[PDB]
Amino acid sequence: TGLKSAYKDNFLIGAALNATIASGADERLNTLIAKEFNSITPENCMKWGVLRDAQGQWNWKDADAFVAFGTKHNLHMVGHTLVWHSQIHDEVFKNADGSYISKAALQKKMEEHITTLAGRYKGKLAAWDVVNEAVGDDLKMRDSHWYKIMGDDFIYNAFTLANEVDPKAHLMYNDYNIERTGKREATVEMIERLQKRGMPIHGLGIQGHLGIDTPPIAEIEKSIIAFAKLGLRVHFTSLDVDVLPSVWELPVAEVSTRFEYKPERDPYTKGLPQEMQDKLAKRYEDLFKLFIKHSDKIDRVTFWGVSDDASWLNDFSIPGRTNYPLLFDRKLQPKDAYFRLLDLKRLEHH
């Protein structure tokens, strides 16, 4: 059968779904999703600034279509995300003159947003990313407007609110590069200090935006262990593997430059050679060996897309590259990495 049944006894197999896919209108992705995944996450549609215009006004079409889809196919559904510094309008934070509104006023906007959003899907969504990406890459609390107006209380109040709205909801914190030493620890710290405040939190999302070579598997492992120790369920939430030239490690004189589209940084436009098909299978296989090792700690592994043609890495971090990060190709056909992963479970020894 599919991924989901292969991994039934391990964890949920999930896909982020764009709004075209959430519409139901692609029978070929319906057939695929129904076979392969049992968990879905809205890739964009339940984000503050996508869901609401700059005046706080709500359009629920896509948000509603996504919940109709998972109800329809009976898939576990993750809300993404109540409180985040990205894809949210500056009018949330700032007067037209640039100045920041009071904390009190922003609290009120947060109350309303969580109350309406979690409230509306209370009991339909099993899980929420309540706060997304609150630790800076300099390993300090990210200097978002959330943070600058509110402090730790934006995260605190966000969870407490969420939990009051849907008591039943599994409530996560979600971040990227927390596979990595340094930011892993600053996040463990962050949870700890809020958990001693009594903040209701149930899960820790590891985004899992990985590269073909890095981070190493020992890294990821340390993080699975650190976070579960905080008495939380571990999720891999935005899984994909970047197979393109990295701009992450570039010399000074090229901080951008580095985001500009350049030929050589897009080397596989004519197709992914077999030699890299293979590095990608092997890298997915290492990851999933790891995940199986620790499936007492991991509740779910979600991919940040269904197929390559629809991966966000085609445009991040350089617009318009041809990447190959996911299990299904641009023709919806499964890739070498896919069979390696069925095989792990198929041939498993007990």
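The first residue of the shown sequence is 1; numbering continues from there.
Set 44-52 against 288-296 and average the Cα temperature factors; 288-296 ends up higher. Stretches 180-188 and 268-276 differ in mean CA B factor, with 180-188 having the higher one. Among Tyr261, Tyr156, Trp128, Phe227, the highest C-alpha B-factor recorded in the PDB entry belongs to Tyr261. Comparing the listed residues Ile114, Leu239, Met199, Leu204, the entry records the largest Cα B-factor for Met199. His145 sits in the middle third of its chain by CA B factor, as recorded in the PDB entry. Per-chain ranking of the deposited C-alpha B factor places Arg233 in the middle third. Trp248: CA B factor in the highest third of modelled residues in this chain (values from the PDB entry). Among the modelled residues of its chain, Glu36 has a C-alpha B-factor that falls in the lowest third according to the deposited record.
Among all modelled residues in this chain, the alpha-carbon of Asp64 has a temperature factor (C-alpha) in the lowest third.
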